[PDB]
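One chain is shown next in C-alpha cells, namely the form deposited in one PDB entry.
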C-alpha cells in the first residue's frame, strides 16, 4: 500500500472519520483508522462498533493497493501539523506505516486491516434524498428532548419516521417530548426506526452548508447517510418507541401567545431563583398577562410579569423551567403559542406561525 496525496485533500476526510471512536475505546483498534487503497481511491474508515464513517479520496498520483490500520489521532496530528501545501507520501512497510513529507518522516505502528471491525452487509428497505438543511432542522428541533442514560434504551435515541411524503423526528424523556416533520417531495412507505444517541450526533456532524444532498437508506437494523464522498452507517436501536400521537394533549382549548424572546428571558431570570435540583416555576395566566414566580429552599424569590395574548380562564401551572427554556431555545421564532388544558395536564408549545414542530411538557405538581 502506497499513496501520495496533498495534505489539504486529507484534512477534512480525516476529521470526518475520527468523529466516531471510544476512549481507549477499551478496544484499542477502535482508536485506529482503516486505510484502503483500491482503484484510484483511498478510503478512510473509523468505527466505534455501533456506527462507521467512511470517506473516499481520489488518488491522482501513483499508488499501489492494499490496506492497513493506523492510530487515528496521531496520523491526523501529523498531517495537520505539516505546512500548508505539503505532499504526503505514505507507504506500508512491514508492521509499520511510513509517512514522509519534506524532510519530516514518521513511522506509526499498525494493526492488521483483516482485524478491523466490519459492520455486516444489510439490505436497505426505504431510501430517500433530502436537503442537508432539512435533516439539520429535523435534528435541531428535537435532539434536546432525548433521554440520557435511561433504562428504556430506546428513549436515549431519536425516532425517524417516514409517513406519506414527510420525514419526522420524535424525541422524548418520559417527561417532555419534541416532534418535527418536514415535507420531502417523495412518496415513501410507512416506516419507523430509532437512531441511537451517538448516531444522531454523527449525522448532524456530517452536515456542511453546501449543495450536496443527503441520500438516506434505512434497513431493518441500520441506517446509512451519504453526502458527497462521506458515508455514515449506524446500527438502529431495537425496541418500540412511544406514539407521539398519544402524547399530544387531547383538548388544549386555552391558548396563550407571547413574544419568544421576552418569554425566554423572563423564564431565564426566574430560573436563577428556582430550586437547583427540581427547577420548579409557577405560571399564573390571567387576561392578557403572564406571571412567573420562582422560589428556593433559601427562601429566595423571583417574579416576572409580561403582557401576552390570552382570553381564557385564569389558571396556575408549575413547570420544570429547564424543560420550558429548552423548548423556547429550540423554537427560534418571533412568537410562541402555549396550548393549555388545566393545571394537571401537559402543555403544548409551538411557533405561533408554524406547525412543523410541537413540544409537549408535563406540568409539575406545585
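Positions refer to the first chain, counted from 1. Superpose the two forms; the largest set of C-alphas matching within 1.5 Å is the rigid core.
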item: Divergent stretch in 8 other deposited structures of this protein, 177-185 or 275-283 [C-alpha RMS, superposed by the core]; value: 275-283
item: Greater root mean square CA deviation, 264-272 compared with 78-86 in 8 other deposited structures of this protein, core aligned; value: 78-86
item: Entries skipping residue 12: at least a third of other ones; value: no
item: Coordinates lacking for residue 21, a third or more of other entries; value: yes
item: Residue stretch of maximal mean CA temperature factor, 272-280 vs 172-180; value: 272-280
item: Between 320-328 and 302-310 (mean CA B-factor, as deposited), the higher; value: 302-310
item: Criterion, highest CA B-factor; candidates, 250, 105, 224, 74; value: 250
item: Residue selected from 188, 139, 194, 266 by maximal Cα B factor; value: 188
item: Record-listed C-alpha B factor of residue 144: chain third; value: lowest
item: Assigned third (lowest, middle, highest) for the C-alpha B factor of residue 94; value: highest
item: Entry-reported Cα temperature factor of residue 153, expressed as the chain third it lands in; value: highest
item: Within-chain third of residue 5 by Cα B-factor, per the entry; value: middle
item: Chain-relative CA temperature factor third for residue 335; value: middle
